[PDB]
Every structure is written in C-alpha cells, then in structure tokens.
file query_21.tsv (TSV, C-alpha atoms and all ligand atoms)
chain	number	residue	atom	x	y	z
A	1	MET	CA	19.42	8.42	-17.35
A	2	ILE	CA	16.33	6.67	-15.95
A	3	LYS	CA	14.10	9.67	-15.22
A	4	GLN	CA	11.46	10.59	-12.60
A	5	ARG	CA	7.75	10.27	-13.53
A	6	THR	CA	4.49	12.14	-12.80
A	7	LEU	CA	1.05	12.33	-14.38
A	8	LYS	CA	0.47	13.83	-17.86
A	9	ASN	CA	-2.98	14.97	-16.67
A	10	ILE	CA	-5.31	15.78	-13.79
A	11	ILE	CA	-7.80	12.98	-13.02
A	12	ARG	CA	-10.89	12.92	-10.76
A	13	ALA	CA	-12.50	9.83	-9.23
A	14	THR	CA	-15.32	9.29	-6.73
A	15	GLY	CA	-16.02	6.46	-4.23
A	16	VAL	CA	-17.06	5.79	-0.59
A	17	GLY	CA	-15.07	6.17	2.68
A	18	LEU	CA	-14.08	2.84	4.33
A	19	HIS	CA	-15.51	4.05	7.72
A	20	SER	CA	-17.80	7.05	6.81
A	21	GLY	CA	-19.52	4.87	4.16
A	22	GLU	CA	-20.26	8.01	2.09
A	23	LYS	CA	-18.99	9.61	-1.16
A	24	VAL	CA	-15.44	11.10	-1.15
A	25	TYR	CA	-13.82	13.18	-3.97
A	26	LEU	CA	-10.23	12.39	-5.14
A	27	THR	CA	-8.05	14.25	-7.71
A	28	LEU	CA	-4.63	13.08	-8.93
A	29	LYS	CA	-2.40	15.93	-10.25
A	30	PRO	CA	1.06	16.23	-11.85
A	31	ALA	CA	3.78	17.44	-9.45
A	32	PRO	CA	7.32	18.88	-9.84
A	33	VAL	CA	10.54	16.74	-9.56
A	34	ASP	CA	11.52	15.74	-5.94
A	35	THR	CA	7.96	16.53	-4.63
A	36	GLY	CA	7.15	12.90	-3.74
A	37	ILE	CA	3.49	11.87	-3.28
A	38	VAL	CA	1.72	14.71	-1.40
A	39	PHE	CA	-1.81	14.43	0.06
A	40	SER	CA	-3.88	17.58	0.57
A	41	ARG	CA	-7.26	18.10	2.24
A	42	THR	CA	-9.17	20.47	-0.09
A	43	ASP	CA	-12.27	20.23	2.16
A	44	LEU	CA	-10.51	22.52	4.72
A	45	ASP	CA	-9.59	26.24	4.85
A	46	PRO	CA	-6.74	26.66	4.62
A	47	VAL	CA	-5.83	23.57	2.55
A	48	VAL	CA	-3.59	21.19	4.56
A	49	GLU	CA	-0.75	19.20	2.96
A	50	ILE	CA	0.54	15.80	4.22
A	51	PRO	CA	3.66	14.45	2.47
A	52	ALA	CA	3.57	10.61	2.22
A	53	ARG	CA	6.66	10.05	4.38
A	54	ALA	CA	7.51	7.44	7.05
A	55	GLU	CA	7.61	10.24	9.74
A	56	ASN	CA	3.95	11.37	9.08
A	57	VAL	CA	2.40	7.91	9.83
A	58	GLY	CA	-0.18	7.86	12.70
A	59	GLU	CA	-2.31	5.12	14.34
A	60	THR	CA	-1.88	2.11	11.93
A	61	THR	CA	-4.62	0.04	13.66
A	62	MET	CA	-6.44	-1.24	10.53
A	63	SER	CA	-5.10	1.02	7.75
A	64	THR	CA	-2.01	3.20	7.18
A	65	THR	CA	-2.95	6.70	8.33
A	66	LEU	CA	-0.84	9.84	7.71
A	67	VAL	CA	-1.16	12.70	10.27
A	68	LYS	CA	-0.39	16.46	10.56
A	69	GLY	CA	-1.59	17.97	13.86
A	70	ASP	CA	-5.36	17.20	13.85
A	71	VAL	CA	-5.42	16.59	10.06
A	72	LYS	CA	-5.17	12.93	8.95
A	73	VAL	CA	-5.72	10.74	5.82
A	74	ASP	CA	-6.87	7.10	6.49
A	75	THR	CA	-6.27	4.15	4.04
A	76	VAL	CA	-3.34	5.47	1.87
A	77	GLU	CA	-1.71	2.02	1.28
A	78	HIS	CA	-3.60	0.86	-1.88
A	79	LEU	CA	-3.16	4.12	-3.88
A	80	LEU	CA	0.55	4.44	-2.79
A	81	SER	CA	0.99	0.83	-3.93
A	82	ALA	CA	-0.44	1.70	-7.39
A	83	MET	CA	1.91	4.75	-7.41
A	84	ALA	CA	4.88	2.55	-6.42
A	85	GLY	CA	3.91	-0.17	-8.97
A	86	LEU	CA	3.77	2.23	-11.99
A	87	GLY	CA	6.94	4.14	-10.84
A	88	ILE	CA	5.13	7.43	-10.01
A	89	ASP	CA	7.72	9.60	-8.13
A	90	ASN	CA	5.73	12.91	-8.09
A	91	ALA	CA	1.98	13.55	-7.71
A	92	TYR	CA	-0.49	15.70	-5.73
A	93	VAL	CA	-3.53	13.82	-4.30
A	94	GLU	CA	-6.48	16.10	-3.42
A	95	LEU	CA	-9.16	14.75	-1.03
A	96	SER	CA	-12.59	16.14	-0.03
A	97	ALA	CA	-12.58	14.02	3.20
A	98	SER	CA	-10.35	12.26	5.80
A	99	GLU	CA	-9.86	9.03	3.76
A	100	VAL	CA	-8.92	7.69	0.31
A	101	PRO	CA	-11.95	6.16	-1.43
A	102	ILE	CA	-11.91	2.37	-0.79
A	103	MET	CA	-13.09	1.66	-4.42
A	104	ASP	CA	-12.92	-2.17	-4.94
A	105	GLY	CA	-10.53	-2.57	-1.89
A	106	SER	CA	-7.43	-3.15	-4.10
A	107	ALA	CA	-4.93	-1.05	-6.13
A	108	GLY	CA	-6.65	-1.81	-9.49
A	109	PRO	CA	-8.85	1.31	-9.66
A	110	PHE	CA	-5.77	3.51	-8.85
A	111	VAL	CA	-3.56	1.70	-11.38
A	112	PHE	CA	-6.33	2.28	-13.96
A	113	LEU	CA	-6.68	6.03	-13.10
A	114	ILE	CA	-2.89	6.64	-13.25
A	115	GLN	CA	-2.64	4.87	-16.64
A	116	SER	CA	-5.64	6.80	-18.16
A	117	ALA	CA	-4.15	10.13	-16.96
A	118	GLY	CA	-0.83	9.15	-18.67
A	119	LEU	CA	2.74	8.77	-17.36
A	120	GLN	CA	4.89	11.94	-17.79
A	121	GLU	CA	8.73	11.62	-17.62
A	122	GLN	CA	10.52	14.60	-15.95
A	123	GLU	CA	14.06	15.93	-16.68
A	124	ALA	CA	15.64	14.62	-13.40
A	125	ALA	CA	17.23	11.27	-12.44
A	126	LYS	CA	15.05	8.66	-10.67
A	127	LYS	CA	16.44	8.21	-7.11
A	128	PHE	CA	16.50	4.58	-5.84
A	129	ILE	CA	17.25	3.36	-2.29
A	130	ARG	CA	19.54	0.30	-2.40
A	131	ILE	CA	19.67	-1.90	0.74
A	132	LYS	CA	23.40	-2.28	1.62
A	133	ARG	CA	22.86	-4.68	4.59
A	134	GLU	CA	20.12	-6.54	6.51
A	135	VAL	CA	17.66	-4.64	8.79
A	136	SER	CA	14.91	-6.37	10.82
A	137	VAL	CA	12.20	-5.42	13.32
A	138	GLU	CA	10.24	-7.77	15.61
A	139	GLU	CA	7.09	-7.44	17.72
A	140	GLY	CA	6.26	-10.70	19.54
A	141	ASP	CA	5.75	-13.34	16.77
A	142	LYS	CA	5.59	-10.65	14.01
A	143	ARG	CA	8.72	-9.85	11.96
A	144	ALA	CA	9.63	-7.68	8.94
A	145	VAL	CA	13.09	-7.74	7.28
A	146	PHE	CA	15.01	-5.90	4.52
A	147	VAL	CA	17.73	-7.90	2.69
A	148	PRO	CA	20.29	-6.86	0.04
A	149	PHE	CA	18.98	-8.12	-3.30
A	150	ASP	CA	19.75	-6.84	-6.81
A	151	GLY	CA	16.17	-6.09	-7.98
A	152	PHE	CA	12.85	-5.80	-6.14
A	153	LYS	CA	11.53	-8.92	-4.37
A	154	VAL	CA	8.74	-9.11	-1.71
A	155	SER	CA	7.79	-12.20	0.37
A	156	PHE	CA	5.06	-12.67	2.96
A	157	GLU	CA	4.05	-15.52	5.26
A	158	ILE	CA	1.21	-15.75	7.83
A	159	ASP	CA	-0.20	-18.64	9.91
A	160	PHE	CA	-3.77	-17.38	10.21
A	161	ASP	CA	-5.83	-19.62	12.56
A	162	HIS	CA	-9.12	-19.72	10.57
A	163	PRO	CA	-10.66	-22.82	8.91
A	164	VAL	CA	-10.71	-21.21	5.41
A	165	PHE	CA	-6.87	-21.75	5.39
A	166	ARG	CA	-7.07	-25.54	6.27
A	167	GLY	CA	-4.40	-25.37	9.05
A	168	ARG	CA	-1.79	-24.19	6.44
A	169	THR	CA	0.61	-21.22	6.73
A	170	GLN	CA	-0.08	-18.77	3.85
A	171	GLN	CA	3.01	-17.85	1.79
A	172	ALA	CA	3.65	-15.86	-1.43
A	173	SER	CA	6.84	-14.40	-2.98
A	174	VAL	CA	7.09	-11.98	-5.94
A	175	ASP	CA	10.34	-11.01	-7.72
A	176	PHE	CA	9.33	-7.96	-9.83
A	177	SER	CA	12.08	-8.57	-12.50
A	178	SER	CA	10.08	-11.58	-13.83
A	179	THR	CA	6.46	-10.91	-12.55
A	180	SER	CA	4.04	-7.99	-13.21
A	181	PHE	CA	2.72	-5.90	-10.25
A	182	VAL	CA	-0.41	-4.80	-12.26
A	183	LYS	CA	-1.35	-8.29	-13.61
A	184	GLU	CA	-0.57	-10.44	-10.55
A	185	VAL	CA	-0.56	-8.25	-7.37
A	186	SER	CA	-2.59	-4.98	-7.93
A	187	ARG	CA	-6.17	-6.46	-7.99
A	188	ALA	CA	-5.84	-8.49	-4.70
A	189	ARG	CA	-8.60	-7.95	-2.08
A	190	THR	CA	-8.33	-8.79	1.64
A	191	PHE	CA	-10.49	-11.28	3.59
A	192	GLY	CA	-13.31	-9.64	5.54
A	193	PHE	CA	-14.85	-11.74	8.36
A	194	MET	CA	-18.57	-11.50	9.34
A	195	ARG	CA	-17.46	-11.57	13.04
A	196	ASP	CA	-14.97	-8.62	12.54
A	197	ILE	CA	-17.32	-6.67	10.12
A	198	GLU	CA	-20.46	-7.59	12.18
A	199	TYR	CA	-18.85	-6.02	15.31
A	200	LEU	CA	-17.27	-2.99	13.49
A	201	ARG	CA	-20.56	-1.88	11.77
A	202	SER	CA	-22.34	-2.29	15.15
A	203	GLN	CA	-19.51	-0.20	16.78
A	204	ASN	CA	-19.98	2.52	14.03
A	205	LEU	CA	-16.93	1.40	11.95
A	206	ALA	CA	-16.13	0.19	8.41
A	207	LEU	CA	-19.55	1.43	7.13
A	208	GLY	CA	-17.89	1.16	3.63
A	209	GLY	CA	-16.89	-2.58	3.73
A	210	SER	CA	-19.05	-4.91	1.54
A	211	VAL	CA	-18.77	-7.69	-1.13
A	212	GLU	CA	-17.66	-4.81	-3.45
A	213	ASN	CA	-14.34	-4.11	-1.64
A	214	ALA	CA	-13.48	-7.36	0.26
A	215	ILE	CA	-13.80	-11.18	0.13
A	216	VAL	CA	-16.38	-11.74	2.92
A	217	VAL	CA	-15.57	-14.78	5.09
A	218	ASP	CA	-17.95	-16.23	7.75
A	219	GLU	CA	-15.44	-17.81	10.32
A	220	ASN	CA	-15.76	-21.14	8.30
A	221	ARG	CA	-15.56	-20.31	4.55
A	222	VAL	CA	-15.48	-17.61	1.82
A	223	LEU	CA	-19.16	-16.74	1.35
A	224	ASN	CA	-19.34	-16.36	-2.42
A	225	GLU	CA	-16.05	-17.43	-4.08
A	226	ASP	CA	-17.17	-15.49	-7.23
A	227	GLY	CA	-15.23	-12.56	-5.60
A	228	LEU	CA	-11.82	-14.32	-5.85
A	229	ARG	CA	-9.40	-13.04	-8.52
A	230	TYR	CA	-6.23	-14.89	-7.33
A	231	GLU	CA	-4.89	-18.14	-5.91
A	232	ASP	CA	-3.38	-17.30	-2.43
A	233	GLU	CA	-5.22	-13.94	-2.75
A	234	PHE	CA	-5.02	-13.03	0.98
A	235	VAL	CA	-1.16	-13.12	1.17
A	236	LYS	CA	-1.09	-11.22	-2.14
A	237	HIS	CA	-3.10	-8.32	-0.56
A	238	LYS	CA	-0.51	-8.46	2.29
A	239	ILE	CA	2.20	-8.03	-0.45
A	240	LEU	CA	0.10	-5.19	-1.99
A	241	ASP	CA	-0.18	-3.37	1.43
A	242	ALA	CA	3.57	-3.92	1.93
A	243	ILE	CA	4.45	-2.09	-1.32
A	244	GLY	CA	2.29	0.93	-0.30
A	245	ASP	CA	3.79	1.03	3.19
A	246	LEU	CA	7.39	0.70	1.70
A	247	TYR	CA	6.82	3.64	-0.70
A	248	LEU	CA	6.46	6.11	2.27
A	249	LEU	CA	10.30	6.10	1.86
A	250	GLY	CA	9.51	8.47	-1.04
A	251	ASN	CA	11.68	6.38	-3.41
A	252	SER	CA	11.69	2.99	-5.22
A	253	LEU	CA	13.49	0.14	-3.44
A	254	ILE	CA	16.46	-2.01	-4.69
A	255	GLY	CA	16.46	-4.93	-2.25
A	256	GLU	CA	14.29	-7.62	-0.68
A	257	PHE	CA	11.36	-7.41	1.77
A	258	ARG	CA	10.27	-10.36	3.98
A	259	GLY	CA	7.01	-10.19	6.04
A	260	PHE	CA	6.20	-12.69	8.82
A	261	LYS	CA	2.62	-11.99	9.94
A	262	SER	CA	3.54	-8.24	9.63
A	263	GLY	CA	1.34	-5.23	8.80
A	264	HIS	CA	1.15	-1.43	8.94
A	265	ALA	CA	2.71	-0.91	12.42
A	266	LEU	CA	5.74	-3.15	11.78
A	267	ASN	CA	6.21	-2.06	8.09
A	268	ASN	CA	6.55	1.61	9.24
A	269	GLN	CA	8.75	0.47	12.21
A	270	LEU	CA	11.02	-1.33	9.69
A	271	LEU	CA	11.08	1.85	7.54
A	272	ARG	CA	12.10	4.23	10.40
A	273	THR	CA	14.66	1.60	11.54
A	274	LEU	CA	16.29	1.55	8.04
A	275	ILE	CA	16.31	5.42	7.71
A	276	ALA	CA	18.09	5.63	11.13
A	277	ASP	CA	20.71	3.05	9.91
A	278	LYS	CA	22.82	5.29	7.57
A	279	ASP	CA	25.29	2.45	6.63
A	280	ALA	CA	22.32	0.13	5.69
A	281	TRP	CA	21.24	2.01	2.52
A	282	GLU	CA	22.40	4.38	-0.21
A	283	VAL	CA	20.75	6.38	-3.03
A	284	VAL	CA	21.58	5.62	-6.67
A	285	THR	CA	20.61	6.74	-10.14
A	286	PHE	CA	21.16	4.78	-13.36
A	287	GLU	CA	21.93	5.16	-17.05
A	288	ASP	CA	19.45	3.56	-19.52
B	1	LIG	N1	-5.05	-2.66	3.98
B	1	LIG	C1	-6.06	-3.35	4.82
B	1	LIG	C2	-5.69	-4.81	5.14
B	1	LIG	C3	-4.93	-5.11	6.43
B	1	LIG	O1	-4.56	-4.20	7.24
B	1	LIG	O2	-4.70	-6.33	6.62
B	1	LIG	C4	-7.37	-3.35	4.05
B	1	LIG	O3	-7.30	-3.33	2.84
B	1	LIG	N2	-8.52	-3.39	4.75
B	1	LIG	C5	-9.79	-3.39	4.24
B	1	LIG	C6	-10.08	-3.29	2.88
B	1	LIG	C7	-11.40	-3.32	2.43
B	1	LIG	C8	-12.45	-3.42	3.32
B	1	LIG	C9	-12.18	-3.56	4.66
B	1	LIG	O4	-13.24	-3.64	5.51
B	1	LIG	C10	-13.98	-4.80	5.79
B	1	LIG	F1	-13.69	-5.11	7.04
B	1	LIG	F2	-15.27	-4.56	5.73
B	1	LIG	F3	-13.69	-5.75	4.91
B	1	LIG	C11	-10.86	-3.52	5.12
B	2	ZN	ZN	-5.09	-3.36	2.14

call {"tool": "encode", "arguments": {"input": "query_21.tsv", "output": "structure tokens", "more": "lines below"}}
Ligand SMILES: N[C@H](CC(=O)O)C(=O)Nc1cccc(OC(F)(F)F)c1
Ligand SMILES: [Zn+2]
result
Amino acid sequence: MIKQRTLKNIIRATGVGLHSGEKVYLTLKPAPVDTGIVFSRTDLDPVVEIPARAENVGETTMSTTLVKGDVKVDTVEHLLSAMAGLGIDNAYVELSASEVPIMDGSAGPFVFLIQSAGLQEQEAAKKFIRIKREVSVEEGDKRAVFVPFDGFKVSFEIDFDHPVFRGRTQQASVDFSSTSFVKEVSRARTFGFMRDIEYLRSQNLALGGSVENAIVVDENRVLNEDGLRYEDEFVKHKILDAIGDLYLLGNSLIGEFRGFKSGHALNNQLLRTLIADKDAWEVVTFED
C-alpha cells in the first residue's frame, strides 16, 4: 500500500513575522497517523492547538489565517504547500508567535526544512480525496472550480490591470504527473507593489515585507529583476498558494483545480462547498 508520511526528526527554524516584522520560532515535529497538520502556539499557557482544516479558517484578507476562539495563526499557505508538495500527511508545527515565519516569501525554505528532517513512512494507508464530479464557486468576476481528473493538475488565470503585465491575462497550468512541485512551483514569490506596501507599512502592517520575501513592483515595473526565479512567476505563486489552501482538506487531491482571479477566500469557499457535496468526492487508498 502507498503509506502515510511524517518527519523522521524534529527541526527548528527562525525568521520574521510578515506583519510584526520581528523574530518568530518554528518547530516541525513527527506526528501519529491520521493526525493531519496541527499548529500549536507554544508561546501561550496552556498551549493551544489549531488543526489545519477548512472549518478553522478565519479572515483570509491577505493570507490564510486559522482561528480557535481568540487564538489564530496568520500566513499558513506556504508551509502547508511545502507539506502538500512532499506528501506530508502528519506533522506538529510549534510556533512562538501568531504567524508562520515569512522566510523568503515562498515554500522553498519549508521544502528544504522538511527534506533535511527526513521523510518517515508510517504503517497506515495514504488517504486520497478523488473528485467524482465538478464543483464551482463564484464571487463577482472571481471563480474557483474542481474537475474530475486522474492525477493532480492546477491551473490559474488572472487579468491584473498593472503595466508590468503589458495588458495580458496571466495564465499557468501544472500537471504534477509530468512536472515537479519543488523545482518549478515551490520557490515562486508574489509581486509586492510600492503603493500597497507603502500604505501598509504606514498603516502599521506588513512590517516583514522586503526585497527578501517578495518581488517589489513600483506601479510601472519590477524594481530589480534580479529577484525573479521564474517566467510567469506571479501566477506560479498563485498556484503555490492554491496548493496550501487545498491541503486544509487534510488529504492529497486526485482531480483538477482551476483558479480565475481567485485567492484565499474563494479557495476555502470551494473547499467547504466540496465537503458539503457528499456525492462529489470519495476517499481512496492504493496498492504500490
Ligand atoms: N500568499 C500571499 C499572496 C496573495 O494572497 O496573493 C503572500 O504570499 N503574500 C505576501 C508574501 C510576502 C510578502 C508580502 O508582503 C509584501 F506586501 F510586503 F510584499 C505578502
Ligand atoms: Zn503566498
């Protein structure tokens, strides 16, 4: 049988909060079969646990935030995406503050950490969620769809009205049977804009954003293009966010995702919509 995975080892990393702008302490730990990815706030007494589930998703304004009463964790999408990309079913994620360290603003640091800690196979079948029929959500001009597909494919399109895109719709599509998540999706950074950042810093927000975690754009052009790692990088980060959002299902996905100018709100809306639709999906394990 294809088996569940966790971490061979504990691993500790340090970085800065995307809004606080100050050091935050992160530990990845092995976890038992059928745990899922569980976040815990070790800076509080008692320690508070937030399972990474569709139901526990909060505000979704700029990042995917999980919530439990007054306890929250901001910016979970990049690390969940790394978890989803390397097939990590079970892990504990300890945090000394309210957010995941931003690191370089992509999944690459998390992918690296998970790999260094080692992948540990567990004596239980990997549970996959197969899309049986089409599910879609819409909010104005924004749309997100699930489609039956035998494999894992993700597509994203966005007409972003900024000169750096030369009037062109931005589109990217990744079938993960024939393309590598780590090599071609995991290192993607988003586009920061001096107008958005300029305001946010001056409104006491995103004190962590810089050229270290985003591609800074000035309402005309990318400011130093030395930052780029990919062609069509901005849609690719949309694909990266989408895989982190989709993993709040708690299981790997057999099927197809299509994003039309979507993000955190609509991705979670699509997830809750699918879960509600019992004839839309099923759970399956495989032989190897
Ligand atoms: N997942 C979101 C992307 C989204 O919701 O489109 C994201 O990565 N945001 C993000 C990442 C790094 C820095 C940042 O602040 C900045 F503003 F300073 F750049 C924002
Ligand atoms: Zn992101």

call {"tool": "residues_near_point", "arguments": {"input": "query_21.tsv", "point": "(17.4, -2.9, 4.9)", "cutoff": "8 Å", "atoms": "only C-alpha atoms", "output": "list in words"}}
result
residues 131, 132, 133, 134, 135, 136, 145, 146, 147, 148, 255, 256, 274, 280 and 281 of chain A

call {"tool": "axis_aligned_box", "arguments": {"input": "query_21.tsv", "around": "ligand LIG 1 (chain B)", "padding_each_side": "5 Å", "output": "lines of an AutoDock Vina configuration file"}}
result
center_x = -9.9
center_y = -4.5
center_z = 4.8
size_x = 20.7
size_y = 13.7
size_z = 14.8

call {"tool": "closest_residue", "arguments": {"input": "query_21.tsv", "among": "A:245, A:157, A:277, A:150", "to": "ligand LIG 1 (chain B)", "atoms": "all atoms listed in the file"}}
result
A:245

call {"tool": "residues_near_ligand", "arguments": {"input": "query_21.tsv", "ligand": "ligand ZN 2 (chain B)", "cutoff": "10 Å", "atoms": "all atoms listed in the file", "output": "PDB file with C-alpha atoms, in the frame of the given file"}}
result
ATOM      1  CA  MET A  62      -6.440  -1.240  10.530  1.00  0.00           C
ATOM      2  CA  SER A  63      -5.100   1.020   7.750  1.00  0.00           C
ATOM      3  CA  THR A  64      -2.010   3.200   7.180  1.00  0.00           C
ATOM      4  CA  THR A  75      -6.270   4.150   4.040  1.00  0.00           C
ATOM      5  CA  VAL A  76      -3.340   5.470   1.870  1.00  0.00           C
ATOM      6  CA  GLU A  77      -1.710   2.020   1.280  1.00  0.00           C
ATOM      7  CA  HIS A  78      -3.600   0.860  -1.880  1.00  0.00           C
ATOM      8  CA  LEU A  79      -3.160   4.120  -3.880  1.00  0.00           C
ATOM      9  CA  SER A  81       0.990   0.830  -3.930  1.00  0.00           C
ATOM     10  CA  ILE A 102     -11.910   2.370  -0.790  1.00  0.00           C
ATOM     11  CA  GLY A 105     -10.530  -2.570  -1.890  1.00  0.00           C
ATOM     12  CA  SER A 106      -7.430  -3.150  -4.100  1.00  0.00           C
ATOM     13  CA  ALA A 107      -4.930  -1.050  -6.130  1.00  0.00           C
ATOM     14  CA  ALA A 188      -5.840  -8.490  -4.700  1.00  0.00           C
ATOM     15  CA  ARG A 189      -8.600  -7.950  -2.080  1.00  0.00           C
ATOM     16  CA  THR A 190      -8.330  -8.790   1.640  1.00  0.00           C
ATOM     17  CA  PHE A 191     -10.490 -11.280   3.590  1.00  0.00           C
ATOM     18  CA  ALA A 214     -13.480  -7.360   0.260  1.00  0.00           C
ATOM     19  CA  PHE A 234      -5.020 -13.030   0.980  1.00  0.00           C
ATOM     20  CA  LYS A 236      -1.090 -11.220  -2.140  1.00  0.00           C
ATOM     21  CA  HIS A 237      -3.100  -8.320  -0.560  1.00  0.00           C
ATOM     22  CA  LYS A 238      -0.510  -8.460   2.290  1.00  0.00           C
ATOM     23  CA  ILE A 239       2.200  -8.030  -0.450  1.00  0.00           C
ATOM     24  CA  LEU A 240       0.100  -5.190  -1.990  1.00  0.00           C
ATOM     25  CA  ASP A 241      -0.180  -3.370   1.430  1.00  0.00           C
ATOM     26  CA  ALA A 242       3.570  -3.920   1.930  1.00  0.00           C
ATOM     27  CA  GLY A 244       2.290   0.930  -0.300  1.00  0.00           C
ATOM     28  CA  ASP A 245       3.790   1.030   3.190  1.00  0.00           C
ATOM     29  CA  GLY A 263       1.340  -5.230   8.800  1.00  0.00           C
ATOM     30  CA  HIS A 264       1.150  -1.430   8.940  1.00  0.00           C
TER      31      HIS A 264
END

call {"tool": "atom_distance", "arguments": {"input": "query_21.tsv", "atom1": "CA of residue 87 (chain A)", "atom2": "CA of residue 12 (chain A)"}}
result
19.9 Å

call {"tool": "atom_distance", "arguments": {"input": "query_21.tsv", "atom1": "CA of residue 128 (chain A)", "atom2": "CA of residue 113 (chain A)"}}
result
24.3 Å

call {"tool": "residues_near_point", "arguments": {"input": "query_21.tsv", "point": "(-17.6, 6.0, 4.9)", "cutoff": "9 Å", "atoms": "all atoms listed in the file", "output": "NGL selection string"}}
result
:A and (16-24 or 99 or 101-102 or 205-209)

call {"tool": "closest_residue", "arguments": {"input": "query_21.tsv", "among": "A:166, A:29, A:201, A:272", "to": "ligand LIG 1 (chain B)", "atoms": "all atoms listed in the file"}}
result
A:201

call {"tool": "residues_around", "arguments": {"input": "query_21.tsv", "residues": "residue 25 (chain A)", "least_positions_apart": "2", "cutoff": "8 Å", "atoms": "only C-alpha atoms", "output": "PyMOL selection string"}}
result
chain A and resi 12-15+23+27+94-97+101

call {"tool": "atom_distance", "arguments": {"input": "query_21.tsv", "atom1": "atom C1 of ligand LIG 1 (chain B)", "atom2": "CA of residue 258 (chain A)"}}
result
17.8 Å

call {"tool": "closest_residue", "arguments": {"input": "query_21.tsv", "among": "A:203, A:169, A:262, A:6", "to": "residue 140 (chain A)", "atoms": "only C-alpha atoms"}}
result
A:262

call {"tool": "closest_residue", "arguments": {"input": "query_21.tsv", "among": "A:67, A:93, A:265, A:47", "to": "ligand LIG 1 (chain B)", "atoms": "only C-alpha atoms and all ligand atoms"}}
result
A:265

call {"tool": "residues_around", "arguments": {"input": "query_21.tsv", "residues": "residue 168 (chain A)", "least_positions_apart": "5", "cutoff": "9 Å", "atoms": "all atoms listed in the file", "output": "MDAnalysis selection string"}}
result
chainID A and resid 159:161

call {"tool": "closest_residue", "arguments": {"input": "query_21.tsv", "among": "A:48, A:82, A:119, A:158", "to": "residue 144 (chain A)", "atoms": "only C-alpha atoms"}}
result
A:158

call {"tool": "residues_around", "arguments": {"input": "query_21.tsv", "residues": "residue 142 (chain A)", "least_positions_apart": "5", "cutoff": "9 Å", "atoms": "all atoms listed in the file", "output": "list in words"}}
result
residues 137, 259, 260, 261, 262, 263 and 266 of chain A
